[PDB]
>>> print(open('entry-v1.pdb').read())   # PDB, C-alpha atoms and all ligand atoms
ATOM      1  CA  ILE V  19       0.000   0.000   0.000  1.00  0.00           C
ATOM      2  CA  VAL V  20       1.439   3.363  -1.097  1.00  0.00           C
ATOM      3  CA  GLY V  21       0.323   6.497   0.757  1.00  0.00           C
ATOM      4  CA  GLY V  22      -1.764   4.592   3.303  1.00  0.00           C
ATOM      5  CA  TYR V  23      -1.760   4.348   7.092  1.00  0.00           C
ATOM      6  CA  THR V  24      -0.830   1.708   9.656  1.00  0.00           C
ATOM      7  CA  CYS V  25      -4.126  -0.138  10.236  1.00  0.00           C
ATOM      8  CA  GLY V  26      -3.497  -1.161  13.831  1.00  0.00           C
ATOM      9  CA  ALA V  27      -2.950  -4.743  14.987  1.00  0.00           C
ATOM     10  CA  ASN V  28      -5.860  -7.072  14.141  1.00  0.00           C
ATOM     11  CA  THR V  29      -8.194  -4.218  13.132  1.00  0.00           C
ATOM     12  CA  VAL V  30      -8.806  -5.945   9.766  1.00  0.00           C
ATOM     13  CA  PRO V  31      -9.690  -9.422  11.080  1.00  0.00           C
ATOM     14  CA  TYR V  32     -10.517 -10.992   7.672  1.00  0.00           C
ATOM     15  CA  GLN V  33      -7.129 -10.057   6.171  1.00  0.00           C
ATOM     16  CA  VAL V  34      -4.896 -13.079   5.622  1.00  0.00           C
ATOM     17  CA  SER V  35      -1.280 -13.491   4.542  1.00  0.00           C
ATOM     18  CA  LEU V  36      -0.496 -16.305   2.103  1.00  0.00           C
ATOM     19  CA  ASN V  37       2.912 -17.745   2.960  1.00  0.00           C
ATOM     20  CA  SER V  38       5.131 -20.174   1.020  1.00  0.00           C
ATOM     21  CA  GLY V  39       8.271 -19.600   3.105  1.00  0.00           C
ATOM     22  CA  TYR V  40       7.580 -15.862   2.883  1.00  0.00           C
ATOM     23  CA  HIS V  41       4.549 -13.599   2.430  1.00  0.00           C
ATOM     24  CA  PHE V  42       3.615 -13.478  -1.275  1.00  0.00           C
ATOM     25  CA  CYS V  43      -0.057 -12.404  -1.437  1.00  0.00           C
ATOM     26  CA  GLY V  44      -3.053 -11.268   0.546  1.00  0.00           C
ATOM     27  CA  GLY V  45      -6.412 -12.953   0.881  1.00  0.00           C
ATOM     28  CA  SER V  46      -9.784 -12.616   2.601  1.00  0.00           C
ATOM     29  CA  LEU V  47     -11.318 -15.074   5.064  1.00  0.00           C
ATOM     30  CA  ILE V  48     -14.943 -15.666   3.981  1.00  0.00           C
ATOM     31  CA  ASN V  49     -15.772 -18.481   6.408  1.00  0.00           C
ATOM     32  CA  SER V  50     -13.958 -20.696   8.930  1.00  0.00           C
ATOM     33  CA  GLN V  51     -12.502 -22.925   6.159  1.00  0.00           C
ATOM     34  CA  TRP V  52     -12.217 -20.754   3.027  1.00  0.00           C
ATOM     35  CA  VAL V  53     -10.122 -17.856   1.743  1.00  0.00           C
ATOM     36  CA  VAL V  54     -10.670 -15.779  -1.407  1.00  0.00           C
ATOM     37  CA  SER V  55      -7.608 -14.426  -3.218  1.00  0.00           C
ATOM     38  CA  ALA V  56      -6.420 -13.560  -6.748  1.00  0.00           C
ATOM     39  CA  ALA V  57      -5.918 -16.330  -9.322  1.00  0.00           C
ATOM     40  CA  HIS V  58      -2.537 -14.750 -10.152  1.00  0.00           C
ATOM     41  CA  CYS V  59      -1.565 -15.645  -6.550  1.00  0.00           C
ATOM     42  CA  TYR V  60      -1.902 -19.363  -7.367  1.00  0.00           C
ATOM     43  CA  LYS V  61       0.980 -21.618  -6.336  1.00  0.00           C
ATOM     44  CA  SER V  62       1.462 -24.905  -4.485  1.00  0.00           C
ATOM     45  CA  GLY V  63       2.520 -25.205  -0.840  1.00  0.00           C
ATOM     46  CA  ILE V  64       0.429 -22.367   0.582  1.00  0.00           C
ATOM     47  CA  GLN V  65       0.113 -21.793   4.319  1.00  0.00           C
ATOM     48  CA  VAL V  66      -2.668 -19.409   5.305  1.00  0.00           C
ATOM     49  CA  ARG V  67      -1.709 -17.034   8.115  1.00  0.00           C
ATOM     50  CA  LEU V  68      -4.610 -15.497  10.033  1.00  0.00           C
ATOM     51  CA  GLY V  69      -4.569 -12.998  12.899  1.00  0.00           C
ATOM     52  CA  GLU V  70      -1.425 -11.300  11.564  1.00  0.00           C
ATOM     53  CA  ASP V  71      -0.161  -7.810  12.115  1.00  0.00           C
ATOM     54  CA  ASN V  72       3.648  -7.946  12.001  1.00  0.00           C
ATOM     55  CA  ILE V  73       4.251 -10.821   9.558  1.00  0.00           C
ATOM     56  CA  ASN V  74       7.882 -11.223  10.737  1.00  0.00           C
ATOM     57  CA  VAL V  75       7.049 -11.615  14.458  1.00  0.00           C
ATOM     58  CA  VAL V  76       4.820 -14.101  16.307  1.00  0.00           C
ATOM     59  CA  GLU V  77       2.725 -11.661  18.369  1.00  0.00           C
ATOM     60  CA  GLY V  78       0.187 -14.115  19.859  1.00  0.00           C
ATOM     61  CA  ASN V  79      -3.023 -13.870  17.815  1.00  0.00           C
ATOM     62  CA  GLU V  80      -1.926 -15.867  14.763  1.00  0.00           C
ATOM     63  CA  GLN V  81      -3.343 -19.076  13.359  1.00  0.00           C
ATOM     64  CA  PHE V  82      -1.179 -20.852  10.758  1.00  0.00           C
ATOM     65  CA  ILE V  83      -3.173 -23.351   8.682  1.00  0.00           C
ATOM     66  CA  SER V  84      -2.007 -25.148   5.532  1.00  0.00           C
ATOM     67  CA  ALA V  85      -4.202 -25.128   2.427  1.00  0.00           C
ATOM     68  CA  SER V  86      -5.746 -28.490   1.498  1.00  0.00           C
ATOM     69  CA  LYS V  87      -6.767 -27.282  -1.960  1.00  0.00           C
ATOM     70  CA  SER V  88      -6.820 -24.274  -4.261  1.00  0.00           C
ATOM     71  CA  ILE V  89      -9.463 -23.622  -6.911  1.00  0.00           C
ATOM     72  CA  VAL V  90      -8.619 -21.076  -9.599  1.00  0.00           C
ATOM     73  CA  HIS V  91     -11.630 -19.692 -11.463  1.00  0.00           C
ATOM     74  CA  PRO V  92     -12.325 -21.887 -14.522  1.00  0.00           C
ATOM     75  CA  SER V  93     -12.292 -18.833 -16.856  1.00  0.00           C
ATOM     76  CA  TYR V  94      -9.181 -17.148 -15.446  1.00  0.00           C
ATOM     77  CA  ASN V  95      -6.991 -15.780 -18.236  1.00  0.00           C
ATOM     78  CA  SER V  96      -3.477 -14.980 -16.968  1.00  0.00           C
ATOM     79  CA  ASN V  97      -2.699 -12.694 -19.936  1.00  0.00           C
ATOM     80  CA  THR V  98      -5.701 -10.359 -19.596  1.00  0.00           C
ATOM     81  CA  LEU V  99      -6.246 -11.106 -15.879  1.00  0.00           C
ATOM     82  CA  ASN V 100      -9.966 -11.529 -16.609  1.00  0.00           C
ATOM     83  CA  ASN V 101     -11.619 -13.541 -13.801  1.00  0.00           C
ATOM     84  CA  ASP V 102      -8.698 -12.990 -11.397  1.00  0.00           C
ATOM     85  CA  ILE V 103     -10.148 -14.922  -8.469  1.00  0.00           C
ATOM     86  CA  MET V 104      -9.236 -18.112  -6.596  1.00  0.00           C
ATOM     87  CA  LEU V 105     -10.558 -20.024  -3.580  1.00  0.00           C
ATOM     88  CA  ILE V 106      -8.294 -21.647  -0.992  1.00  0.00           C
ATOM     89  CA  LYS V 107      -9.590 -24.246   1.475  1.00  0.00           C
ATOM     90  CA  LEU V 108      -7.924 -24.620   4.875  1.00  0.00           C
ATOM     91  CA  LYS V 109      -6.890 -28.078   6.122  1.00  0.00           C
ATOM     92  CA  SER V 110      -8.682 -27.247   9.380  1.00  0.00           C
ATOM     93  CA  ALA V 111     -11.277 -24.629  10.314  1.00  0.00           C
ATOM     94  CA  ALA V 112      -9.951 -21.391  11.803  1.00  0.00           C
ATOM     95  CA  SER V 113     -11.057 -20.538  15.327  1.00  0.00           C
ATOM     96  CA  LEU V 114     -13.121 -17.405  14.757  1.00  0.00           C
ATOM     97  CA  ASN V 115     -12.899 -14.536  17.253  1.00  0.00           C
ATOM     98  CA  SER V 116     -12.764 -10.695  17.322  1.00  0.00           C
ATOM     99  CA  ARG V 117      -9.311 -10.732  15.667  1.00  0.00           C
ATOM    100  CA  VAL V 118      -9.877 -13.582  13.191  1.00  0.00           C
ATOM    101  CA  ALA V 119     -13.242 -13.109  11.505  1.00  0.00           C
ATOM    102  CA  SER V 120     -14.843 -13.757   8.136  1.00  0.00           C
ATOM    103  CA  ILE V 121     -15.988 -10.974   5.786  1.00  0.00           C
ATOM    104  CA  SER V 122     -19.432 -11.141   4.134  1.00  0.00           C
ATOM    105  CA  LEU V 123     -19.814 -11.603   0.391  1.00  0.00           C
ATOM    106  CA  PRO V 124     -21.750  -8.835  -1.353  1.00  0.00           C
ATOM    107  CA  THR V 125     -25.461  -9.205  -2.042  1.00  0.00           C
ATOM    108  CA  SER V 126     -25.174  -6.337  -4.554  1.00  0.00           C
ATOM    109  CA  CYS V 127     -22.387  -4.666  -6.532  1.00  0.00           C
ATOM    110  CA  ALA V 128     -20.923  -1.451  -5.079  1.00  0.00           C
ATOM    111  CA  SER V 129     -21.225   1.741  -7.153  1.00  0.00           C
ATOM    112  CA  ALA V 130     -18.654   4.266  -8.342  1.00  0.00           C
ATOM    113  CA  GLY V 131     -18.082   6.724  -5.498  1.00  0.00           C
ATOM    114  CA  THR V 132     -18.490   4.070  -2.790  1.00  0.00           C
ATOM    115  CA  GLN V 133     -15.798   4.413  -0.122  1.00  0.00           C
ATOM    116  CA  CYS V 134     -13.825   1.227   0.593  1.00  0.00           C
ATOM    117  CA  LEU V 135     -10.905  -0.081   2.658  1.00  0.00           C
ATOM    118  CA  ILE V 136      -7.954  -1.657   0.854  1.00  0.00           C
ATOM    119  CA  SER V 137      -5.298  -3.395   2.962  1.00  0.00           C
ATOM    120  CA  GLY V 138      -2.098  -5.433   2.691  1.00  0.00           C
ATOM    121  CA  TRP V 139       1.616  -5.943   3.315  1.00  0.00           C
ATOM    122  CA  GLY V 140       2.675  -4.784  -0.158  1.00  0.00           C
ATOM    123  CA  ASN V 141       5.316  -2.281  -1.229  1.00  0.00           C
ATOM    124  CA  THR V 142       4.846   1.213   0.261  1.00  0.00           C
ATOM    125  CA  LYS V 143       6.936   3.029  -2.383  1.00  0.00           C
ATOM    126  CA  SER V 144       5.787   4.286  -5.793  1.00  0.00           C
ATOM    127  CA  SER V 145       9.378   4.294  -7.136  1.00  0.00           C
ATOM    128  CA  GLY V 146      11.577   2.487  -4.623  1.00  0.00           C
ATOM    129  CA  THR V 147      11.002  -0.766  -2.790  1.00  0.00           C
ATOM    130  CA  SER V 148      10.137  -0.939   0.896  1.00  0.00           C
ATOM    131  CA  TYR V 149       8.008  -3.696   2.385  1.00  0.00           C
ATOM    132  CA  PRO V 150       6.327  -3.050   5.731  1.00  0.00           C
ATOM    133  CA  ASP V 151       6.117  -5.679   8.437  1.00  0.00           C
ATOM    134  CA  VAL V 152       2.750  -4.452   9.797  1.00  0.00           C
ATOM    135  CA  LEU V 153      -0.557  -4.251   7.922  1.00  0.00           C
ATOM    136  CA  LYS V 154      -1.178  -1.070   5.927  1.00  0.00           C
ATOM    137  CA  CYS V 155      -4.583   0.396   5.078  1.00  0.00           C
ATOM    138  CA  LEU V 156      -5.972   2.779   2.454  1.00  0.00           C
ATOM    139  CA  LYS V 157      -9.403   4.360   2.220  1.00  0.00           C
ATOM    140  CA  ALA V 158     -10.250   4.714  -1.468  1.00  0.00           C
ATOM    141  CA  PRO V 159     -13.324   5.339  -3.617  1.00  0.00           C
ATOM    142  CA  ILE V 160     -14.510   3.133  -6.454  1.00  0.00           C
ATOM    143  CA  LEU V 161     -14.007   4.966  -9.762  1.00  0.00           C
ATOM    144  CA  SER V 162     -16.521   5.133 -12.621  1.00  0.00           C
ATOM    145  CA  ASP V 163     -16.334   2.465 -15.333  1.00  0.00           C
ATOM    146  CA  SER V 164     -15.727   5.230 -17.907  1.00  0.00           C
ATOM    147  CA  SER V 165     -12.764   6.758 -16.032  1.00  0.00           C
ATOM    148  CA  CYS V 166     -11.390   3.246 -15.452  1.00  0.00           C
ATOM    149  CA  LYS V 167     -11.652   2.404 -19.168  1.00  0.00           C
ATOM    150  CA  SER V 168     -10.125   5.785 -20.111  1.00  0.00           C
ATOM    151  CA  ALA V 169      -7.180   5.105 -17.773  1.00  0.00           C
ATOM    152  CA  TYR V 170      -6.579   1.660 -19.296  1.00  0.00           C
ATOM    153  CA  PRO V 171      -7.846   1.591 -22.907  1.00  0.00           C
ATOM    154  CA  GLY V 172      -8.754  -1.898 -24.149  1.00  0.00           C
ATOM    155  CA  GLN V 173      -8.041  -3.632 -20.812  1.00  0.00           C
ATOM    156  CA  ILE V 174     -11.000  -3.217 -18.423  1.00  0.00           C
ATOM    157  CA  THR V 175     -13.520  -6.077 -18.574  1.00  0.00           C
ATOM    158  CA  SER V 176     -16.930  -6.383 -16.895  1.00  0.00           C
ATOM    159  CA  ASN V 177     -15.192  -8.345 -14.117  1.00  0.00           C
ATOM    160  CA  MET V 178     -12.918  -5.448 -13.104  1.00  0.00           C
ATOM    161  CA  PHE V 179     -13.204  -2.063 -11.438  1.00  0.00           C
ATOM    162  CA  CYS V 180     -10.820   0.767 -10.658  1.00  0.00           C
ATOM    163  CA  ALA V 181     -10.453   2.254  -7.204  1.00  0.00           C
ATOM    164  CA  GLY V 182      -8.198   4.948  -5.816  1.00  0.00           C
ATOM    165  CA  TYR V 183      -7.057   8.338  -7.025  1.00  0.00           C
ATOM    166  CA  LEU V 184      -6.359   9.576 -10.564  1.00  0.00           C
ATOM    167  CA  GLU V 185      -3.916  12.131  -9.124  1.00  0.00           C
ATOM    168  CA  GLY V 186      -1.755   9.220  -7.875  1.00  0.00           C
ATOM    169  CA  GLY V 187       0.047   9.055  -4.513  1.00  0.00           C
ATOM    170  CA  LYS V 188      -2.320   6.524  -2.905  1.00  0.00           C
ATOM    171  CA  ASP V 189      -2.716   2.996  -4.288  1.00  0.00           C
ATOM    172  CA  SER V 190      -2.245  -0.722  -3.724  1.00  0.00           C
ATOM    173  CA  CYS V 191       1.015  -2.303  -4.909  1.00  0.00           C
ATOM    174  CA  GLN V 192       3.068  -5.509  -5.321  1.00  0.00           C
ATOM    175  CA  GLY V 193       2.439  -7.826  -2.363  1.00  0.00           C
ATOM    176  CA  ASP V 194      -1.069  -6.458  -1.734  1.00  0.00           C
ATOM    177  CA  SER V 195      -2.090  -8.844  -4.549  1.00  0.00           C
ATOM    178  CA  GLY V 196      -5.042 -11.054  -3.705  1.00  0.00           C
ATOM    179  CA  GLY V 197      -6.045  -8.918  -0.720  1.00  0.00           C
ATOM    180  CA  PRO V 198      -9.377  -7.267   0.149  1.00  0.00           C
ATOM    181  CA  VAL V 199     -11.304  -4.235  -1.000  1.00  0.00           C
ATOM    182  CA  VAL V 200     -14.109  -3.943   1.578  1.00  0.00           C
ATOM    183  CA  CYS V 201     -16.993  -1.476   1.326  1.00  0.00           C
ATOM    184  CA  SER V 202     -19.664  -1.205   4.035  1.00  0.00           C
ATOM    185  CA  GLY V 203     -18.575  -4.543   5.521  1.00  0.00           C
ATOM    186  CA  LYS V 204     -18.783  -6.502   2.246  1.00  0.00           C
ATOM    187  CA  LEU V 205     -15.906  -7.868   0.150  1.00  0.00           C
ATOM    188  CA  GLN V 206     -16.356  -6.044  -3.156  1.00  0.00           C
ATOM    189  CA  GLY V 207     -12.854  -6.348  -4.633  1.00  0.00           C
ATOM    190  CA  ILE V 208      -9.635  -8.338  -4.812  1.00  0.00           C
ATOM    191  CA  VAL V 209      -6.300  -6.577  -5.441  1.00  0.00           C
ATOM    192  CA  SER V 210      -5.575  -7.610  -9.036  1.00  0.00           C
ATOM    193  CA  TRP V 211      -3.380  -5.308 -11.142  1.00  0.00           C
ATOM    194  CA  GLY V 212      -2.304  -1.872 -12.357  1.00  0.00           C
ATOM    195  CA  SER V 213       0.485  -0.041 -14.149  1.00  0.00           C
ATOM    196  CA  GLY V 214       3.071   0.486 -11.421  1.00  0.00           C
ATOM    197  CA  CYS V 215       1.755   1.977  -8.175  1.00  0.00           C
ATOM    198  CA  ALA V 216       0.351   5.383  -7.205  1.00  0.00           C
ATOM    199  CA  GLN V 217       1.143   6.817 -10.654  1.00  0.00           C
ATOM    200  CA  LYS V 218      -0.979   9.599 -12.131  1.00  0.00           C
ATOM    201  CA  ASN V 219      -3.977   8.305 -14.138  1.00  0.00           C
ATOM    202  CA  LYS V 220      -3.079   4.680 -13.358  1.00  0.00           C
ATOM    203  CA  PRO V 221      -5.328   3.630 -10.480  1.00  0.00           C
ATOM    204  CA  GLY V 222      -5.490   0.122  -9.011  1.00  0.00           C
ATOM    205  CA  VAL V 223      -7.645  -2.460 -10.780  1.00  0.00           C
ATOM    206  CA  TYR V 224      -9.708  -4.915  -8.743  1.00  0.00           C
ATOM    207  CA  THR V 225     -11.598  -8.145  -9.379  1.00  0.00           C
ATOM    208  CA  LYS V 226     -15.344  -7.454  -9.228  1.00  0.00           C
ATOM    209  CA  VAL V 227     -16.331  -9.944  -6.506  1.00  0.00           C
ATOM    210  CA  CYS V 228     -20.110  -9.418  -6.809  1.00  0.00           C
ATOM    211  CA  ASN V 229     -19.916 -11.187 -10.211  1.00  0.00           C
ATOM    212  CA  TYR V 230     -18.574 -14.347  -8.518  1.00  0.00           C
ATOM    213  CA  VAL V 231     -20.859 -14.862  -5.512  1.00  0.00           C
ATOM    214  CA  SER V 232     -22.787 -17.723  -7.147  1.00  0.00           C
ATOM    215  CA  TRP V 233     -19.543 -19.465  -8.155  1.00  0.00           C
ATOM    216  CA  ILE V 234     -18.063 -18.983  -4.672  1.00  0.00           C
ATOM    217  CA  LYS V 235     -21.163 -20.366  -2.927  1.00  0.00           C
ATOM    218  CA  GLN V 236     -21.564 -23.342  -5.319  1.00  0.00           C
ATOM    219  CA  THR V 237     -17.870 -24.173  -5.073  1.00  0.00           C
ATOM    220  CA  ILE V 238     -17.820 -24.043  -1.264  1.00  0.00           C
ATOM    221  CA  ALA V 239     -20.997 -26.172  -1.100  1.00  0.00           C
ATOM    222  CA  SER V 240     -19.371 -29.074  -3.021  1.00  0.00           C
ATOM    223  CA  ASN V 241     -15.723 -28.914  -1.912  1.00  0.00           C
TER     224      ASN V 241
HETATM  225  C1  LIG O   1       2.386  -3.379 -10.331  1.00  0.00           C
HETATM  226  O1  LIG O   1       1.854  -4.398  -9.481  1.00  0.00           O
HETATM  227  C2  LIG O   1       0.676  -4.210  -8.802  1.00  0.00           C
HETATM  228  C3  LIG O   1       0.212  -5.228  -7.977  1.00  0.00           C
HETATM  229  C4  LIG O   1      -0.980  -5.064  -7.279  1.00  0.00           C
HETATM  230  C5  LIG O   1      -1.708  -3.884  -7.406  1.00  0.00           C
HETATM  231  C6  LIG O   1      -1.246  -2.859  -8.229  1.00  0.00           C
HETATM  232  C7  LIG O   1      -2.036  -1.573  -8.376  1.00  0.00           C
HETATM  233  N1  LIG O   1      -1.197  -0.402  -8.201  1.00  0.00           N
HETATM  234  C8  LIG O   1      -0.055  -3.028  -8.929  1.00  0.00           C
HETATM  235 CA    CA O   2       2.845 -12.157  13.275  1.00  0.00          CA
END
>>> encode(input="entry-v1.pdb", output="C-alpha cells", more="lines below")
Ligand SMILES: COc1cccc(CN)c1
Ligand SMILES: [Ca+2]
Amino acid sequence: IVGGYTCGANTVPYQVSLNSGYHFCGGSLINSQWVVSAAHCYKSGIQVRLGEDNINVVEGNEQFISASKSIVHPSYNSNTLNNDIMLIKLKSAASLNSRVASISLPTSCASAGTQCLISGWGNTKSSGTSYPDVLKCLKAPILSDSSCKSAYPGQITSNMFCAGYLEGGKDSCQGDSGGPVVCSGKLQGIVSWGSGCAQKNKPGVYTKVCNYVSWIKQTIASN
C-alpha cells in the first residue's frame, strides 16, 4: 500500500497473509474454512496465516493453517487477468474470534463513489522498494467504469473495477495482490493489477467480486 496508514494490529480481522516460506499475497477469510484471493496468486505449498499484524514476528493472535486445496476460477486468463479470483480451502477450520473473523460476500455490486478499505503488506513506495512488516490500510473510492476504461484503454472487462485516485500518490502495490477491498462490511474487490503503483492516471484495478458470488457459494458447497 502506497500512501496509506498503519491499520493497527488485528483491526482488519478478515485479512490473511499467504505464505510459502515468505509472504507473497493477501487474501480474505470468507468463512472458517475458506479464503478468497487472486488467481494470479496461485501456487502450491500455501500456508494461510490469520490474525497477523507484524508478519515477521509471532505476536500471539496468529493461526497458521495449511491449504488443502486451491481452486482457480475456470475462466481465469493470466494474460488479460480476466476472472482474477481463486478459492483456498484450509486443512482445518480457523477458530473465529474478534481478531480472526470472516468478511461477508456482497449481495449487490458497489457503485462508483463508494468508499472502501484496501489493505495489505505490499510495497509502500511508488518508485523504490520498501516492504512493511505491519498491515497497511488505504481508504479509497470506487471509480466510474468510464474513467477506469479511459485510464486503461482496451483492458478493463466487466469483471474489473478501478479504485483509488487519478492524481496518484495513494494505491495498492506488489504484495497487496489477492487482498481485500471492503466497502460497508462486504468484500467487493480483490487486489488484481495496475500499471506500477500510485502513478498519475493509473489507479489500481480490482476483481469485481459481486460477479462471482454464485460461483463462490456453489464451489464451497461441493468442496
Ligand atoms: C504493479 O503491481 C501491482 C500489484 C498489485 C496492485 C497494483 C495496483 N497499483 C499493482
Ligand atoms: Ca505475526
>>> residues_around(input="entry-v1.pdb", residues="residue 102 (chain V)", least_positions_apart="3", cutoff="10 Å", atoms="all atoms listed in the file", output="list in words")
residues 55, 56, 57, 58, 59, 90, 91, 93, 94, 95, 96, 98, 99, 177, 178, 196, 208, 209, 210, 211, 224, 225, 226 and 227 of chain V
>>> write_last_selection(input="entry-v1.pdb", atoms="C-alpha atoms", output="PDB file, keeping the file's coordinate frame")
ATOM      1  CA  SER V  55      -7.608 -14.426  -3.218  1.00  0.00           C
ATOM      2  CA  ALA V  56      -6.420 -13.560  -6.748  1.00  0.00           C
ATOM      3  CA  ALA V  57      -5.918 -16.330  -9.322  1.00  0.00           C
ATOM      4  CA  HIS V  58      -2.537 -14.750 -10.152  1.00  0.00           C
ATOM      5  CA  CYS V  59      -1.565 -15.645  -6.550  1.00  0.00           C
ATOM      6  CA  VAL V  90      -8.619 -21.076  -9.599  1.00  0.00           C
ATOM      7  CA  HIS V  91     -11.630 -19.692 -11.463  1.00  0.00           C
ATOM      8  CA  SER V  93     -12.292 -18.833 -16.856  1.00  0.00           C
ATOM      9  CA  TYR V  94      -9.181 -17.148 -15.446  1.00  0.00           C
ATOM     10  CA  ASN V  95      -6.991 -15.780 -18.236  1.00  0.00           C
ATOM     11  CA  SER V  96      -3.477 -14.980 -16.968  1.00  0.00           C
ATOM     12  CA  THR V  98      -5.701 -10.359 -19.596  1.00  0.00           C
ATOM     13  CA  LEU V  99      -6.246 -11.106 -15.879  1.00  0.00           C
ATOM     14  CA  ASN V 177     -15.192  -8.345 -14.117  1.00  0.00           C
ATOM     15  CA  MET V 178     -12.918  -5.448 -13.104  1.00  0.00           C
ATOM     16  CA  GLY V 196      -5.042 -11.054  -3.705  1.00  0.00           C
ATOM     17  CA  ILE V 208      -9.635  -8.338  -4.812  1.00  0.00           C
ATOM     18  CA  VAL V 209      -6.300  -6.577  -5.441  1.00  0.00           C
ATOM     19  CA  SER V 210      -5.575  -7.610  -9.036  1.00  0.00           C
ATOM     20  CA  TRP V 211      -3.380  -5.308 -11.142  1.00  0.00           C
ATOM     21  CA  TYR V 224      -9.708  -4.915  -8.743  1.00  0.00           C
ATOM     22  CA  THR V 225     -11.598  -8.145  -9.379  1.00  0.00           C
ATOM     23  CA  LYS V 226     -15.344  -7.454  -9.228  1.00  0.00           C
ATOM     24  CA  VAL V 227     -16.331  -9.944  -6.506  1.00  0.00           C
TER      25      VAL V 227
END
>>> closest_residue(input="entry-v1.pdb", among="V:235, V:204, V:67, V:61", to="ligand CA 2 (chain O)", atoms="only C-alpha atoms and all ligand atoms")
V:67
>>> resolve_selection(input="entry-v1.pdb", expression="the PyMOL selection byres (((not hetatm)) within 7 of (chain O and resi 2))", output="short mmCIF file (atom, residue, chain, number, x, y, z; two decimals) with C-alpha atoms, in the coordinates of the input")
data_model
loop_
_atom_site.label_atom_id
_atom_site.label_comp_id
_atom_site.auth_asym_id
_atom_site.auth_seq_id
_atom_site.Cartn_x
_atom_site.Cartn_y
_atom_site.Cartn_z
CA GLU V 70 -1.42 -11.30 11.56
CA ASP V 71 -0.16 -7.81 12.12
CA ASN V 72 3.65 -7.95 12.00
CA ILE V 73 4.25 -10.82 9.56
CA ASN V 74 7.88 -11.22 10.74
CA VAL V 75 7.05 -11.62 14.46
CA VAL V 76 4.82 -14.10 16.31
CA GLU V 77 2.72 -11.66 18.37
CA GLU V 80 -1.93 -15.87 14.76
#
>>> residues_around(input="entry-v1.pdb", residues="region 22-28 of chain V", least_positions_apart="4", cutoff="12 Å", atoms="all atoms listed in the file", output="NGL selection string")
:V and (32-34 or 68-73 or 77-80 or 115-119 or 135-144 or 150-158 or 182 or 187-191 or 216)
>>> closest_residue(input="entry-v1.pdb", among="V:159, V:21, V:39, V:45", to="residue 194 (chain V)", atoms="only C-alpha atoms")
V:45
>>> atom_distance(input="entry-v1.pdb", atom1="atom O1 of ligand LIG 1 (chain O)", atom2="CA of residue 40 (chain V)")
17.8 Å
>>> resolve_selection(input="entry-v1.pdb", expression="the PyMOL selection byres (((chain V and resi 109) around 10) and not hetatm)", output="PyMOL selection string")
chain V and resi 51-52+65-66+83-87+106-108+110-112
>>> axis_aligned_box(input="entry-v1.pdb", around="ligand LIG 1 (chain O)", padding_each_side="5 Å", output="JSON")
{"center_x": 0.2, "center_y": -2.8, "center_z": -8.8, "size_x": 14.4, "size_y": 14.8, "size_z": 13.1}
>>> build_atoms(input="entry-v1.pdb", residues="region 67-78 of chain V", atoms="N, CA and C atoms", output="compact mmCIF listing (two decimals), keeping the file's coordinate frame")
# COMPACT_ATOMS: atom_id res chain seq x y z
N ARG V 67 -2.02 -17.63 6.82
CA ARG V 67 -1.71 -17.03 8.12
C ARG V 67 -2.77 -16.00 8.48
N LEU V 68 -3.53 -16.33 9.53
CA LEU V 68 -4.61 -15.50 10.03
C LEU V 68 -4.16 -14.80 11.30
N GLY V 69 -4.86 -13.73 11.67
CA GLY V 69 -4.57 -13.00 12.90
C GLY V 69 -3.24 -12.26 12.90
N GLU V 70 -2.72 -11.95 11.71
CA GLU V 70 -1.42 -11.30 11.56
C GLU V 70 -1.49 -9.78 11.67
N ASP V 71 -0.50 -9.20 12.34
CA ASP V 71 -0.16 -7.81 12.12
C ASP V 71 1.27 -7.77 11.59
N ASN V 72 2.26 -7.85 12.46
CA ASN V 72 3.65 -7.95 12.00
C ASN V 72 3.89 -9.36 11.48
N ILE V 73 4.09 -9.49 10.17
CA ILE V 73 4.25 -10.82 9.56
C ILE V 73 5.63 -11.46 9.81
N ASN V 74 6.56 -10.70 10.39
CA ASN V 74 7.88 -11.22 10.74
C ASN V 74 8.04 -11.61 12.21
N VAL V 75 7.00 -11.36 13.02
CA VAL V 75 7.05 -11.62 14.46
C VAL V 75 5.79 -12.35 14.91
N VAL V 76 5.96 -13.40 15.71
CA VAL V 76 4.82 -14.10 16.31
C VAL V 76 4.36 -13.27 17.50
N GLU V 77 3.21 -12.61 17.37
CA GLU V 77 2.72 -11.66 18.37
C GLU V 77 1.63 -12.22 19.29
N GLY V 78 1.07 -13.38 18.94
CA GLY V 78 0.19 -14.12 19.86
C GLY V 78 -1.25 -14.32 19.43
